[PDB]
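Colleague: Just so it is clear, I am handing over my_file.pdb, which has PDB, C-alpha atoms.
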```pdb
MODEL        1
ATOM      1  CA  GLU A   1      23.107  12.672  10.780
ATOM      2  CA  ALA A   2      21.222  11.304   7.779
ATOM      3  CA  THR A   3      24.594  11.038   6.033
ATOM      4  CA  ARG A   4      25.736   8.903   8.969
ATOM      5  CA  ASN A   5      22.595   6.790   8.535
ATOM      6  CA  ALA A   6      23.393   6.313   4.840
ATOM      7  CA  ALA A   7      26.985   5.372   5.695
ATOM      8  CA  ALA A   8      25.717   2.835   8.234
ATOM      9  CA  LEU A   9      23.343   1.446   5.600
ATOM     10  CA  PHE A  10      26.255   1.100   3.169
ATOM     11  CA  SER A  11      28.311  -0.676   5.840
ATOM     12  CA  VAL A  12      25.370  -3.006   6.514
ATOM     13  CA  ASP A  13      25.116  -3.720   2.782
ATOM     14  CA  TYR A  14      28.839  -4.524   2.698
ATOM     15  CA  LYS A  15      28.415  -6.848   5.686
ATOM     16  CA  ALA A  16      25.486  -8.558   3.952
ATOM     17  CA  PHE A  17      27.568  -8.989   0.794
ATOM     18  CA  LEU A  18      30.355 -10.529   2.879
ATOM     19  CA  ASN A  19      27.822 -12.840   4.540
ATOM     20  CA  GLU A  20      26.631 -13.800   1.043
ATOM     21  CA  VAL A  21      29.919 -15.776   1.230
ATOM     22  CA  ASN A  22      29.230 -19.471   2.035
ATOM     23  CA  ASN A  23      31.801 -22.184   2.984
ATOM     24  CA  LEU A  24      33.407 -23.784  -0.088
ATOM     25  CA  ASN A  25      34.362 -26.980   1.762
ATOM     26  CA  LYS A  26      31.337 -27.017   4.106
ATOM     27  CA  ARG A  27      28.424 -25.019   2.656
ATOM     28  CA  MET A  28      29.378 -25.626  -0.991
ATOM     29  CA  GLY A  29      30.519 -29.222  -0.453
ATOM     30  CA  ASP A  30      34.062 -30.350   0.284
ATOM     31  CA  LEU A  31      36.363 -30.858  -2.680
ATOM     32  CA  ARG A  32      38.315 -33.317  -0.501
ATOM     33  CA  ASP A  33      36.804 -36.497   0.996
ATOM     34  CA  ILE A  34      33.545 -36.078  -0.941
ATOM     35  CA  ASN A  35      32.929 -38.620  -3.720
ATOM     36  CA  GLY A  36      29.506 -37.284  -4.713
ATOM     37  CA  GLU A  37      29.551 -37.059  -8.499
ATOM     38  CA  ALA A  38      25.965 -35.827  -8.922
ATOM     39  CA  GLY A  39      23.379 -34.914  -6.314
ATOM     40  CA  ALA A  40      21.360 -32.232  -4.589
ATOM     41  CA  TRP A  41      22.359 -30.344  -1.453
ATOM     42  CA  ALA A  42      21.247 -27.516   0.814
ATOM     43  CA  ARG A  43      22.405 -25.451   3.786
ATOM     44  CA  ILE A  44      20.464 -23.050   6.022
ATOM     45  CA  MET A  45      21.998 -20.882   8.737
ATOM     46  CA  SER A  46      21.438 -17.670  10.675
ATOM     47  CA  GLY A  47      23.632 -14.816  11.827
ATOM     48  CA  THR A  48      23.616 -11.795  14.096
ATOM     49  CA  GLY A  49      25.948  -8.873  14.603
ATOM     50  CA  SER A  50      26.290  -5.251  15.594
ATOM     51  CA  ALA A  51      28.545  -2.204  15.412
ATOM     52  CA  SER A  52      29.185   1.010  17.332
ATOM     53  CA  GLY A  53      26.428   3.461  18.178
ATOM     54  CA  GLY A  54      23.680   0.888  18.697
ATOM     55  CA  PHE A  55      23.658  -0.484  15.147
ATOM     56  CA  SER A  56      22.763  -4.178  15.054
ATOM     57  CA  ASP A  57      21.235  -6.766  12.745
ATOM     58  CA  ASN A  58      19.939 -10.340  12.663
ATOM     59  CA  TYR A  59      19.469 -12.445   9.539
ATOM     60  CA  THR A  60      18.579 -15.915   8.281
ATOM     61  CA  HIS A  61      20.059 -17.230   5.026
ATOM     62  CA  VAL A  62      19.093 -20.493   3.317
ATOM     63  CA  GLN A  63      20.482 -21.933   0.082
ATOM     64  CA  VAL A  64      19.938 -25.100  -1.944
ATOM     65  CA  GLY A  65      21.004 -26.514  -5.292
ATOM     66  CA  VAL A  66      22.405 -29.417  -7.285
ATOM     67  CA  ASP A  67      25.798 -30.422  -8.638
ATOM     68  CA  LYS A  68      27.432 -32.764 -11.148
ATOM     69  CA  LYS A  69      31.012 -34.009 -11.116
ATOM     70  CA  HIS A  70      33.373 -36.613 -12.534
ATOM     71  CA  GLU A  71      36.955 -37.725 -12.010
ATOM     72  CA  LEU A  72      39.929 -37.485 -14.368
ATOM     73  CA  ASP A  73      43.607 -38.480 -14.592
ATOM     74  CA  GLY A  74      44.349 -37.495 -11.012
ATOM     75  CA  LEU A  75      41.760 -34.691 -10.887
ATOM     76  CA  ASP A  76      38.130 -34.469  -9.739
ATOM     77  CA  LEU A  77      36.234 -31.858 -11.752
ATOM     78  CA  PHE A  78      32.969 -30.614 -10.255
ATOM     79  CA  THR A  79      30.358 -27.956 -11.004
ATOM     80  CA  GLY A  80      26.802 -27.132 -10.040
ATOM     81  CA  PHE A  81      24.027 -24.597  -9.647
ATOM     82  CA  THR A  82      22.355 -23.161  -6.568
ATOM     83  CA  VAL A  83      19.847 -20.626  -5.272
ATOM     84  CA  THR A  84      19.885 -18.650  -2.037
ATOM     85  CA  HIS A  85      17.727 -16.295   0.013
ATOM     86  CA  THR A  86      18.867 -14.097   2.911
ATOM     87  CA  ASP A  87      16.362 -12.134   4.994
ATOM     88  CA  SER A  88      17.609  -9.620   7.546
ATOM     89  CA  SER A  89      16.381  -7.048  10.049
ATOM     90  CA  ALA A  90      18.626  -4.234  11.272
ATOM     91  CA  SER A  91      17.973  -1.871  14.177
ATOM     92  CA  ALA A  92      19.711   1.462  14.745
ATOM     93  CA  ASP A  93      19.099   4.699  16.627
ATOM     94  CA  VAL A  94      17.028   6.300  13.852
ATOM     95  CA  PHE A  95      17.015   3.557  11.213
ATOM     96  CA  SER A  96      15.134   0.249  11.154
ATOM     97  CA  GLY A  97      15.448  -1.858   8.014
ATOM     98  CA  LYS A  98      13.960  -5.134   6.788
ATOM     99  CA  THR A  99      15.889  -6.480   3.796
ATOM    100  CA  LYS A 100      15.538  -9.536   1.563
ATOM    101  CA  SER A 101      18.171 -10.657  -0.961
ATOM    102  CA  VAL A 102      16.974 -13.673  -2.970
ATOM    103  CA  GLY A 103      18.778 -14.952  -6.032
ATOM    104  CA  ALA A 104      20.644 -17.767  -7.721
ATOM    105  CA  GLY A 105      23.947 -18.633  -9.322
ATOM    106  CA  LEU A 106      26.476 -21.308 -10.195
ATOM    107  CA  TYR A 107      29.632 -22.729  -8.644
ATOM    108  CA  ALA A 108      32.611 -24.911  -9.542
ATOM    109  CA  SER A 109      34.931 -27.048  -7.421
ATOM    110  CA  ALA A 110      37.873 -29.285  -8.333
ATOM    111  CA  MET A 111      40.464 -31.236  -6.366
ATOM    112  CA  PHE A 112      43.238 -33.768  -6.906
ATOM    113  CA  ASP A 113      45.161 -36.468  -5.053
ATOM    114  CA  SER A 114      48.059 -34.042  -4.461
ATOM    115  CA  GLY A 115      46.217 -32.090  -1.756
ATOM    116  CA  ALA A 116      45.058 -29.009  -3.693
ATOM    117  CA  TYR A 117      41.471 -27.834  -4.205
ATOM    118  CA  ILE A 118      40.154 -24.869  -6.195
ATOM    119  CA  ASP A 119      36.594 -23.638  -5.675
ATOM    120  CA  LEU A 120      34.484 -20.736  -6.891
ATOM    121  CA  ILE A 121      30.908 -19.503  -6.548
ATOM    122  CA  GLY A 122      28.893 -16.723  -8.109
ATOM    123  CA  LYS A 123      25.303 -15.555  -7.826
ATOM    124  CA  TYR A 124      22.969 -12.652  -8.521
ATOM    125  CA  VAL A 125      20.300 -11.625  -6.005
ATOM    126  CA  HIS A 126      17.644  -8.904  -5.750
ATOM    127  CA  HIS A 127      18.103  -6.946  -2.516
ATOM    128  CA  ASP A 128      14.893  -5.138  -1.540
ATOM    129  CA  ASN A 129      14.701  -3.401   1.831
ATOM    130  CA  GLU A 130      11.956  -1.462   3.605
ATOM    131  CA  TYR A 131      13.704   1.043   5.876
ATOM    132  CA  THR A 132      12.110   3.452   8.351
ATOM    133  CA  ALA A 133      14.345   6.469   8.979
ATOM    134  CA  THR A 134      13.698   9.877  10.547
ATOM    135  CA  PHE A 135      16.890  11.801   9.746
ATOM    136  CA  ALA A 136      16.758  13.257   6.213
ATOM    137  CA  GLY A 137      12.993  12.621   6.045
ATOM    138  CA  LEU A 138      13.353   9.147   4.552
ATOM    139  CA  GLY A 139      10.160   7.770   6.066
ATOM    140  CA  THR A 140       9.423   4.152   5.154
ATOM    141  CA  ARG A 141      11.184   3.630   1.822
ATOM    142  CA  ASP A 142      11.624   0.498  -0.302
ATOM    143  CA  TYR A 143      15.100   0.415  -1.861
ATOM    144  CA  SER A 144      15.251  -2.471  -4.349
ATOM    145  CA  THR A 145      18.111  -3.299  -6.711
ATOM    146  CA  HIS A 146      19.943  -6.270  -8.179
ATOM    147  CA  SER A 147      23.414  -7.373  -7.077
ATOM    148  CA  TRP A 148      25.715  -9.865  -8.815
ATOM    149  CA  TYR A 149      28.803 -11.114  -6.981
ATOM    150  CA  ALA A 150      31.257 -13.944  -7.630
ATOM    151  CA  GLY A 151      34.241 -15.207  -5.670
ATOM    152  CA  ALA A 152      37.026 -17.753  -5.995
ATOM    153  CA  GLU A 153      39.213 -19.569  -3.485
ATOM    154  CA  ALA A 154      42.055 -22.075  -3.281
ATOM    155  CA  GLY A 155      42.908 -24.400  -0.412
ATOM    156  CA  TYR A 156      45.471 -27.091   0.370
ATOM    157  CA  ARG A 157      44.270 -29.565   3.020
ATOM    158  CA  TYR A 158      47.600 -31.319   3.459
ATOM    159  CA  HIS A 159      47.768 -34.374   5.713
ATOM    160  CA  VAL A 160      49.159 -32.982   8.973
ATOM    161  CA  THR A 161      48.638 -36.351  10.684
ATOM    162  CA  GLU A 162      46.375 -39.405  10.616
ATOM    163  CA  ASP A 163      43.656 -37.620  12.631
ATOM    164  CA  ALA A 164      43.855 -34.125  11.102
ATOM    165  CA  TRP A 165      44.538 -32.289   7.846
ATOM    166  CA  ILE A 166      46.227 -28.879   7.674
ATOM    167  CA  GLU A 167      44.534 -26.567   5.163
ATOM    168  CA  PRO A 168      45.862 -23.133   4.187
ATOM    169  CA  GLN A 169      43.516 -21.267   1.883
ATOM    170  CA  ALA A 170      42.858 -17.900   0.284
ATOM    171  CA  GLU A 171      39.877 -16.291  -1.413
ATOM    172  CA  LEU A 172      38.942 -13.202  -3.413
ATOM    173  CA  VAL A 173      35.498 -12.009  -4.501
ATOM    174  CA  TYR A 174      34.192  -9.199  -6.715
ATOM    175  CA  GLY A 175      30.623  -7.917  -6.661
ATOM    176  CA  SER A 176      28.570  -5.137  -8.257
ATOM    177  CA  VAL A 177      25.231  -3.681  -7.161
ATOM    178  CA  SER A 178      23.155  -0.680  -8.182
ATOM    179  CA  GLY A 179      23.014   2.252  -5.787
ATOM    180  CA  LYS A 180      20.104   3.595  -3.753
ATOM    181  CA  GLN A 181      18.771   6.627  -5.639
ATOM    182  CA  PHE A 182      15.824   8.433  -4.052
ATOM    183  CA  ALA A 183      14.645  11.946  -3.236
ATOM    184  CA  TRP A 184      14.499  13.374   0.290
ATOM    185  CA  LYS A 185      11.817  15.955  -0.561
ATOM    186  CA  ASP A 186       9.791  14.715   2.428
ATOM    187  CA  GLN A 187      12.244  16.596   4.670
ATOM    188  CA  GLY A 188      11.351  19.963   3.115
ATOM    189  CA  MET A 189      14.650  20.358   1.285
ATOM    190  CA  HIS A 190      15.650  18.542  -1.896
ATOM    191  CA  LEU A 191      18.624  16.655  -0.400
ATOM    192  CA  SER A 192      19.122  14.312  -3.338
ATOM    193  CA  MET A 193      20.476  10.960  -2.136
ATOM    194  CA  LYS A 194      22.072   8.653  -4.697
ATOM    195  CA  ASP A 195      25.074   6.368  -5.079
ATOM    196  CA  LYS A 196      27.360   5.355  -7.922
ATOM    197  CA  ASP A 197      27.707   1.827  -9.306
ATOM    198  CA  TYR A 198      29.147   0.069  -6.266
ATOM    199  CA  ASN A 199      31.733  -2.565  -7.229
ATOM    200  CA  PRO A 200      33.114  -3.856  -3.921
ATOM    201  CA  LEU A 201      35.753  -6.573  -3.766
ATOM    202  CA  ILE A 202      37.124  -8.469  -0.772
ATOM    203  CA  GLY A 203      39.988 -10.901  -0.239
ATOM    204  CA  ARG A 204      40.684 -13.187   2.688
ATOM    205  CA  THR A 205      43.341 -15.578   3.972
ATOM    206  CA  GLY A 206      42.535 -18.431   6.334
ATOM    207  CA  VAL A 207      44.309 -21.410   7.883
ATOM    208  CA  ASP A 208      42.615 -24.380   9.507
ATOM    209  CA  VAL A 209      43.083 -27.936  10.740
ATOM    210  CA  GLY A 210      40.331 -30.498  10.254
ATOM    211  CA  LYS A 211      39.872 -33.703  12.252
ATOM    212  CA  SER A 212      38.906 -36.447   9.777
ATOM    213  CA  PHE A 213      37.324 -38.581  12.479
ATOM    214  CA  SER A 214      35.418 -41.741  11.568
ATOM    215  CA  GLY A 215      34.478 -45.151  12.972
ATOM    216  CA  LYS A 216      30.866 -44.225  13.871
ATOM    217  CA  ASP A 217      32.173 -43.591  17.392
ATOM    218  CA  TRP A 218      33.973 -40.317  16.660
ATOM    219  CA  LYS A 219      32.524 -39.545  13.190
ATOM    220  CA  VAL A 220      32.977 -35.803  13.761
ATOM    221  CA  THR A 221      34.226 -32.859  11.677
ATOM    222  CA  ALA A 222      36.231 -30.986  14.299
ATOM    223  CA  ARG A 223      38.092 -28.009  12.853
ATOM    224  CA  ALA A 224      40.201 -25.194  14.282
ATOM    225  CA  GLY A 225      42.171 -22.231  12.986
ATOM    226  CA  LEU A 226      41.768 -18.569  12.058
ATOM    227  CA  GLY A 227      41.181 -16.300   9.085
ATOM    228  CA  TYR A 228      41.455 -12.612   8.240
ATOM    229  CA  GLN A 229      39.318 -10.795   5.661
ATOM    230  CA  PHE A 230      40.388  -7.498   4.075
ATOM    231  CA  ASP A 231      38.339  -5.555   1.539
ATOM    232  CA  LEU A 232      39.973  -5.695  -1.888
ATOM    233  CA  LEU A 233      37.856  -2.809  -3.215
ATOM    234  CA  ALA A 234      35.587  -0.294  -1.459
ATOM    235  CA  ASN A 235      34.051   1.923  -4.157
ATOM    236  CA  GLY A 236      30.699   2.629  -2.520
ATOM    237  CA  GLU A 237      30.481   6.292  -3.491
ATOM    238  CA  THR A 238      27.306   8.206  -2.633
ATOM    239  CA  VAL A 239      26.213  11.827  -3.057
ATOM    240  CA  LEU A 240      24.144  13.887  -0.615
ATOM    241  CA  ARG A 241      22.829  17.439  -0.908
ATOM    242  CA  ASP A 242      22.039  20.152   1.625
ATOM    243  CA  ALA A 243      21.179  23.844   1.685
ATOM    244  CA  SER A 244      24.671  24.838   2.846
ATOM    245  CA  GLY A 245      26.440  22.487   0.436
ATOM    246  CA  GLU A 246      26.834  18.999  -0.983
ATOM    247  CA  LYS A 247      28.978  16.036   0.032
ATOM    248  CA  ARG A 248      30.295  12.800  -1.448
ATOM    249  CA  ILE A 249      31.312   9.647   0.421
ATOM    250  CA  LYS A 250      32.961   6.292  -0.246
ATOM    251  CA  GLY A 251      34.165   3.188   1.560
ATOM    252  CA  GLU A 252      37.480   2.052   3.020
ATOM    253  CA  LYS A 253      39.247  -1.207   3.839
ATOM    254  CA  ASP A 254      38.364  -3.681   6.592
ATOM    255  CA  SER A 255      40.396  -6.029   8.805
ATOM    256  CA  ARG A 256      37.791  -8.517   9.996
ATOM    257  CA  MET A 257      38.772 -11.579  12.025
ATOM    258  CA  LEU A 258      37.074 -14.973  12.279
ATOM    259  CA  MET A 259      36.838 -18.135  14.393
ATOM    260  CA  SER A 260      36.160 -21.876  14.029
ATOM    261  CA  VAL A 261      33.164 -24.229  14.256
ATOM    262  CA  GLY A 262      32.248 -25.859  17.546
ATOM    263  CA  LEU A 263      31.346 -29.545  17.198
ATOM    264  CA  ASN A 264      29.721 -30.527  13.861
ATOM    265  CA  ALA A 265      29.368 -34.036  15.259
ATOM    266  CA  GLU A 266      27.665 -37.269  14.225
ATOM    267  CA  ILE A 267      27.943 -41.017  14.742
ATOM    268  CA  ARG A 268      25.733 -42.960  12.321
ATOM    269  CA  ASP A 269      23.153 -42.502   9.543
ATOM    270  CA  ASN A 270      20.509 -41.382  12.070
ATOM    271  CA  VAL A 271      22.340 -38.968  14.428
ATOM    272  CA  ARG A 272      23.596 -35.474  13.595
ATOM    273  CA  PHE A 273      24.957 -33.132  16.275
ATOM    274  CA  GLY A 274      25.518 -29.416  15.778
ATOM    275  CA  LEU A 275      27.303 -26.704  17.741
ATOM    276  CA  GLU A 276      28.710 -23.348  16.612
ATOM    277  CA  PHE A 277      31.427 -21.105  18.034
ATOM    278  CA  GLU A 278      30.960 -17.334  17.948
ATOM    279  CA  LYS A 279      33.142 -14.288  18.566
ATOM    280  CA  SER A 280      32.188 -10.750  19.637
ATOM    281  CA  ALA A 281      35.263  -8.539  19.160
ATOM    282  CA  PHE A 282      33.808  -5.348  20.606
ATOM    283  CA  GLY A 283      37.291  -3.827  20.875
ATOM    284  CA  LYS A 284      37.752  -3.266  17.139
ATOM    285  CA  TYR A 285      34.342  -2.221  15.777
ATOM    286  CA  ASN A 286      31.778  -3.605  18.270
ATOM    287  CA  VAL A 287      31.340  -6.685  16.068
ATOM    288  CA  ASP A 288      29.494  -9.838  17.144
ATOM    289  CA  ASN A 289      28.369 -13.239  15.878
ATOM    290  CA  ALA A 290      25.568 -15.789  16.194
ATOM    291  CA  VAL A 291      25.934 -19.439  17.223
ATOM    292  CA  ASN A 292      23.634 -22.417  17.728
ATOM    293  CA  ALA A 293      23.655 -25.967  19.078
ATOM    294  CA  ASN A 294      21.176 -28.771  18.365
ATOM    295  CA  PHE A 295      20.999 -32.417  17.322
ATOM    296  CA  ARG A 296      18.497 -34.645  15.525
ATOM    297  CA  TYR A 297      17.490 -38.254  16.200
ATOM    298  CA  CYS A 298      14.456 -40.377  15.365
ATOM    299  CA  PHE A 299      13.121 -43.640  16.771
TER     300      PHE A 299
ENDMDL
END
```
Would you write out, as structure tokens, the structure that this file holds?

Modeller:
Amino acid sequence: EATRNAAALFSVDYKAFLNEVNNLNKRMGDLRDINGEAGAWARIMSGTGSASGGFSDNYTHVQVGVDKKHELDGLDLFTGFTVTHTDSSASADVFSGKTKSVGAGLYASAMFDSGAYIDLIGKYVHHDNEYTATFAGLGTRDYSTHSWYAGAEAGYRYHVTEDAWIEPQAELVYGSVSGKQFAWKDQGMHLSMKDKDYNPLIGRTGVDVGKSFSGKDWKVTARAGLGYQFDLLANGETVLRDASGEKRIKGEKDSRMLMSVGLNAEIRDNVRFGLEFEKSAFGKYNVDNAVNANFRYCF
């Protein structure tokens, strides 16, 4: 059903918004064991996933930016600005979309000597997607709209031992994006398709242990643990019309799980080793992940 296609598109948009989440301590720079007062940084990654009924997607997201920071009486204040761009391609039974969400925002991050760090990010992007769909007579349509979302998080990387730090953390994010309003007159019937002002929110709780290895012989960032993400708000209401009647739809909560990072290894100022761990929990909602492994060295 074209309503099912629209619901799948809304779920894909929610997944993209969740992916718009980047690591506070890894992608956004660690608040602990990072003495970089001012400097530039970047992080580029890729992901892949799927759902039931043949829905799947693959995306690449790259972000960069700069930051300034200074210490205080037992506190390390930090802030900065960044930009990001996430391109994605999703394949379904009757829907094939190519989306691009490029934007920018600002972030803050502070930590102390007592083992507590507070981080936050927030950015606005412009999601524009060319989607080819047969059901409802959508054709090849370009749905473009802005989307501003900001999240906050708090972690406590307490010293579990001399070779690891135990970090419990929580996060909560709120985001708003304009709906996809277009006419389905290409199908013969009116079938007006539009959505209300979506204002999704999502919280998450995650625990981890991080190996603070050094010595240029270990020099790795081994981490383990688990985290669970539950939607704080799902207000993605949309309206569809048909000859027999009209319908309205909205979103519900989620119970997504997570995993850890594989190696994230290095030795010296000329070697960097990478390896990612992925999970494909097809039992719950036919979910999946994307992982990679590479390393860089020069003579």

Colleague: Taking the file above as input, evaluate the PyMOL selection byres ((chain A and resi 155) around 12) and report the hits as a ChimeraX atom specification.

Modeller: /A:23-25,30-32,109-112,114-120,152-154,156-158,165-171,204-209

Colleague: Would you mind exporting C-alpha atoms of the selected residues as a PDB file, in the frame of the given file?

Modeller:
```pdb
ATOM      1  CA  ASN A  23      31.801 -22.184   2.984  1.00  0.00           C
ATOM      2  CA  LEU A  24      33.407 -23.784  -0.088  1.00  0.00           C
ATOM      3  CA  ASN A  25      34.362 -26.980   1.762  1.00  0.00           C
ATOM      4  CA  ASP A  30      34.062 -30.350   0.284  1.00  0.00           C
ATOM      5  CA  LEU A  31      36.363 -30.858  -2.680  1.00  0.00           C
ATOM      6  CA  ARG A  32      38.315 -33.317  -0.501  1.00  0.00           C
ATOM      7  CA  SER A 109      34.931 -27.048  -7.421  1.00  0.00           C
ATOM      8  CA  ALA A 110      37.873 -29.285  -8.333  1.00  0.00           C
ATOM      9  CA  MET A 111      40.464 -31.236  -6.366  1.00  0.00           C
ATOM     10  CA  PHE A 112      43.238 -33.768  -6.906  1.00  0.00           C
ATOM     11  CA  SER A 114      48.059 -34.042  -4.461  1.00  0.00           C
ATOM     12  CA  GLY A 115      46.217 -32.090  -1.756  1.00  0.00           C
ATOM     13  CA  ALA A 116      45.058 -29.009  -3.693  1.00  0.00           C
ATOM     14  CA  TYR A 117      41.471 -27.834  -4.205  1.00  0.00           C
ATOM     15  CA  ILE A 118      40.154 -24.869  -6.195  1.00  0.00           C
ATOM     16  CA  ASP A 119      36.594 -23.638  -5.675  1.00  0.00           C
ATOM     17  CA  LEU A 120      34.484 -20.736  -6.891  1.00  0.00           C
ATOM     18  CA  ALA A 152      37.026 -17.753  -5.995  1.00  0.00           C
ATOM     19  CA  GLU A 153      39.213 -19.569  -3.485  1.00  0.00           C
ATOM     20  CA  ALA A 154      42.055 -22.075  -3.281  1.00  0.00           C
ATOM     21  CA  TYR A 156      45.471 -27.091   0.370  1.00  0.00           C
ATOM     22  CA  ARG A 157      44.270 -29.565   3.020  1.00  0.00           C
ATOM     23  CA  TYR A 158      47.600 -31.319   3.459  1.00  0.00           C
ATOM     24  CA  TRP A 165      44.538 -32.289   7.846  1.00  0.00           C
ATOM     25  CA  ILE A 166      46.227 -28.879   7.674  1.00  0.00           C
ATOM     26  CA  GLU A 167      44.534 -26.567   5.163  1.00  0.00           C
ATOM     27  CA  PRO A 168      45.862 -23.133   4.187  1.00  0.00           C
ATOM     28  CA  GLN A 169      43.516 -21.267   1.883  1.00  0.00           C
ATOM     29  CA  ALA A 170      42.858 -17.900   0.284  1.00  0.00           C
ATOM     30  CA  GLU A 171      39.877 -16.291  -1.413  1.00  0.00           C
ATOM     31  CA  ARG A 204      40.684 -13.187   2.688  1.00  0.00           C
ATOM     32  CA  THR A 205      43.341 -15.578   3.972  1.00  0.00           C
ATOM     33  CA  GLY A 206      42.535 -18.431   6.334  1.00  0.00           C
ATOM     34  CA  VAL A 207      44.309 -21.410   7.883  1.00  0.00           C
ATOM     35  CA  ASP A 208      42.615 -24.380   9.507  1.00  0.00           C
ATOM     36  CA  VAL A 209      43.083 -27.936  10.740  1.00  0.00           C
TER      37      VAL A 209
END
```

Colleague: As a check of understanding, name the residues that the PyMOL selection byres ((chain A and resi 97) around 7) selects in the supplied structure, as a list in words.

Modeller: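 This file gives the following for the PyMOL selection byres ((chain A and resi 97) around 7): residues 89, 90, 91, 95, 96, 98, 99, 129, 130, 131 and 132 of chain A.
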
Colleague: Excluding region 50-64 of chain A and residues on its chain fewer than 4 positions from it, collect all residues at most 10 Å away from it, counting only C-alpha atoms, and give them as a ChimeraX atom specification.

Modeller: /A:5,8-9,11-12,16,19-20,22,27-28,40-46,81-104,280-282,284-290

Colleague: Enumerate, as a list in words, the residues matched when the PyMOL selection byres ((chain A and resi 275) around 6) is run on the file above.

Modeller: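 When the PyMOL selection byres ((chain A and resi 275) around 6) is applied to the shown file, the picked residues are residues 262, 263, 264, 274, 276, 292 and 293 of chain A.
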
Colleague: What does the structure give for the distance between CA of residue 228 (chain A) and CA of residue 172 (chain A), in Å to one decimal?

Modeller: 11.9 Å

Colleague: Can you work out which one of A:179, A:151, A:36, A:210 has the shortest atom-to-atom distance to residue 238 (chain A), counting only C-alpha atoms?

Modeller: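 Ranked by minimum distance to residue 238 (chain A), first place goes to A:179.
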
Colleague: Would you mind reading off the distance between CA of residue 147 (chain A) and CA of residue 78 (chain A), one decimal, in Å?

Modeller: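 Computed distance, CA of residue 147 (chain A) to CA of residue 78 (chain A), equals 25.3 Å.
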
Colleague: Report the distance between CA of residue 283 (chain A) and CA of residue 48 (chain A) in Å, rounded to one decimal place.

Modeller: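 Atom-to-atom, CA of residue 283 (chain A) and CA of residue 48 (chain A) are spaced 17.2 Å apart.
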
Colleague: Name all residues at most 12 Å from residue 239 (chain A) (count only C-alpha atoms; drop same-chain ones fewer than 5 positions away) and give them as a PyMOL selection string.

Modeller: chain A and resi 2-3+6-7+179-183+191-197+245-250

Colleague: Can you find the residues with an atom no farther than 8 Å from (41.3, -3.5, 0.8), counting only C-alpha atoms, and report them as a list in words?

Modeller: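 The distance filter leaves exactly residues 201, 202, 203, 230, 231, 232, 233, 234, 252, 253 and 254 of chain A.
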
Colleague: Could you check the closest approach to residue 270 (chain A) for each of A:298, A:291, A:164, A:177 and tell me which residue wins, using all atoms listed in the file?

Modeller: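 That would be A:298, the residue with the smallest distance to residue 270 (chain A).
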
Colleague: Pick out the closest residue to residue 215 (chain A) from this set: A:33, A:67, A:142, A:163. Count only C-alpha atoms.

Modeller: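 Going through A:33, A:67, A:142, A:163 one by one, the smallest distance to residue 215 (chain A) is for A:163.
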